[PDB]
Amino acid sequence: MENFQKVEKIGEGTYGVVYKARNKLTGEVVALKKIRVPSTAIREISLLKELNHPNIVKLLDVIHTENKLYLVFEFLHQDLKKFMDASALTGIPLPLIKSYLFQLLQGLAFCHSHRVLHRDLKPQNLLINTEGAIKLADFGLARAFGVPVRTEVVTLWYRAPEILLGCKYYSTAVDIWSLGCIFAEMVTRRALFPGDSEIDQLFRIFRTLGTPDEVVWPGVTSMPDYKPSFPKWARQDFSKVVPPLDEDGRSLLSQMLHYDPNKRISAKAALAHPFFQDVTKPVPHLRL
Ligand SMILES: Nc1nc(OC[C@H]2CCC(=O)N2)c2nc[nH]c2n1
């Protein structure tokens with residue numbers, strides 16, 4: 001760490017305080033994340049150093065000294081939550097929503113092809129630049145360090161239903177669910193399922209997509225946290241959930257929101273959906 005000068009505190013992340021810093025020898029500007037150390041974790045992280053893709057924030061190095069751990073990442077100038085908030089009066093234009101989704105799907109397809117999951121996608125770990133790129137931050141850190149209840153409260157808004165129902169061996173499909181919620185959020189300017197507890201989260205899902213049963217999700221009634229006493233709500237039309245969105249968009253979103261994780265659309269198949277027939281790469285208006 002003597003090799004870096006901290007420029008400012010960017011914020012609080014899932015695992016610790018995140019700083020903007022400058023490397024004293026190379027001059028590189030980076031994001032430095034303090035992790036608040038078991039062998040297993042160091043090995044896992046170490047493997048993420050080779051999982052390189054243009055839509056994945058680059059892990060530059062891992063620093064482990066005096067039993068403290070710092071991850072050095074590529075620095076981008078803003079996250080999607082701040083971009084959304086700044087764009088609130090008028091919304092992010094559809095072609096840019098579309099471009100970001102496509103690129104995020106490319107990111108996911110890459111990691112998922114190597115069996116690595118994110119597990120904790122949320123606007124705050126989606127980072128953008130001035131060229132129109134968007135990239136996924138903290139990929140793989142969940143399985144390396146776990147996902148805690150508090151850091152700040154950890155948000156449940158983007159969590160897939162299988163996780164909430166206590167499935168122990170969930171799959172890459174959880175990341176597709178998350179991205180779908182984020183897609184809907186971009187389009188409506190409002191979080192799709194803003195739960196404030198685990199049951200509140202589930203019931204928000206059920207209130208919009210219908211309470212899941214054996215017809216839509218074989219095996220669901222056997223999941224560890226499923227209760228027969230869950231209220232049974234009817235599903236709503238996607239026309240009411242994300243109105244602005246045209247039918248291609250609504251079709252894709254519904255496939256990314258399938259209850260059954262084995263039928264939920266994959267990132268690779270999502271990339272082939274007709275929604276992306278006319279995709280382009282616009283540049284955002286960013287005030288840095
Ligand atoms: N600019 C920036 N910011 C980061 O974290 C931003 C998230 C953390 C908590 C928050 O509020 N936003 C990064 N992570 C890797 N590279 C980064 N570059």
# chains A, B, ... in the order shown; residues from 1 in each chain; ligands from 1

$ select_by_dssp --residues "region 61-198 of chain A" --states "strand (DSSP E)" --output "PyMOL selection string"
chain A and resi 61-65+68-74+78-79+126-128+134-136

$ residues_around --residues "residue 230 (chain A)" --least-positions-apart "4" --cutoff "10 Å" --atoms "only C-alpha atoms" --output "mmCIF file with C-alpha atoms, in the first residue's frame"
data_model
loop_
_atom_site.group_PDB
_atom_site.id
_atom_site.type_symbol
_atom_site.label_atom_id
_atom_site.label_comp_id
_atom_site.auth_asym_id
_atom_site.auth_seq_id
_atom_site.Cartn_x
_atom_site.Cartn_y
_atom_site.Cartn_z
ATOM 1 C CA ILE A 199 -40.537 -11.968 2.810
ATOM 2 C CA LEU A 202 -40.675 -12.512 -2.194
ATOM 3 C CA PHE A 203 -44.178 -11.138 -1.893
ATOM 4 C CA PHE A 206 -45.264 -12.848 -6.270
ATOM 5 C CA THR A 211 -47.385 -16.745 -6.742
ATOM 6 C CA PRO A 212 -45.299 -19.658 -8.254
ATOM 7 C CA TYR A 226 -41.467 -22.450 0.557
#

$ residues_around --residues "residue 288 (chain A)" --least-positions-apart "4" --cutoff "10 Å" --atoms "only C-alpha atoms" --output "PyMOL selection string"
chain A and resi 77-78+130

$ residues_near_ligand --ligand "ligand 1" --cutoff "12 Å" --atoms "only C-alpha atoms and all ligand atoms" --output "number ranges by chain"
A: 7-21, 29-34, 56-60, 70-83, 121-129, 134-139, 151-152, 154, 288

$ closest_residue --among "A:6, A:190, A:264, A:24" --to "residue 171 (chain A)" --atoms "only C-alpha atoms"
A:264

$ closest_residue --among "A:204, A:64, A:36, A:98" --to "residue 282 (chain A)" --atoms "only C-alpha atoms"
A:98

$ atom_distance --atom1 "CA of residue 235 (chain A)" --atom2 "CA of residue 184 (chain A)"
16.5 Å

$ residues_around --residues "residue 257 (chain A)" --least-positions-apart "3" --cutoff "9 Å" --atoms "only C-alpha atoms" --output "list in words"
residues 160, 176, 177, 178, 180, 181, 209, 252, 253, 254, 260, 261, 264 and 265 of chain A

$ residues_around --residues "residue 42 (chain A)" --least-positions-apart "3" --cutoff "12 Å" --atoms "only C-alpha atoms" --output "PyMOL selection string"
chain A and resi 35+37-39+45-49+61-64+67-71+141+143-145

$ residues_around --residues "residue 116 (chain A)" --least-positions-apart "4" --cutoff "9 Å" --atoms "only C-alpha atoms" --output "number ranges by chain"
A: 108, 110-112, 139-140, 143, 172

$ select_by_dssp --residues "region 110-249 of chain A" --states "alpha helix (DSSP H)" --output "PyMOL selection string"
chain A and resi 110-113+141-145+161-164+173-188+198-209+238-241+247-249

$ atom_distance --atom1 "CA of residue 280 (chain A)" --atom2 "CA of residue 268 (chain A)"
18.0 Å

$ closest_residue --among "A:281, A:159, A:150, A:207" --to "residue 119 (chain A)" --atoms "only C-alpha atoms"
A:159
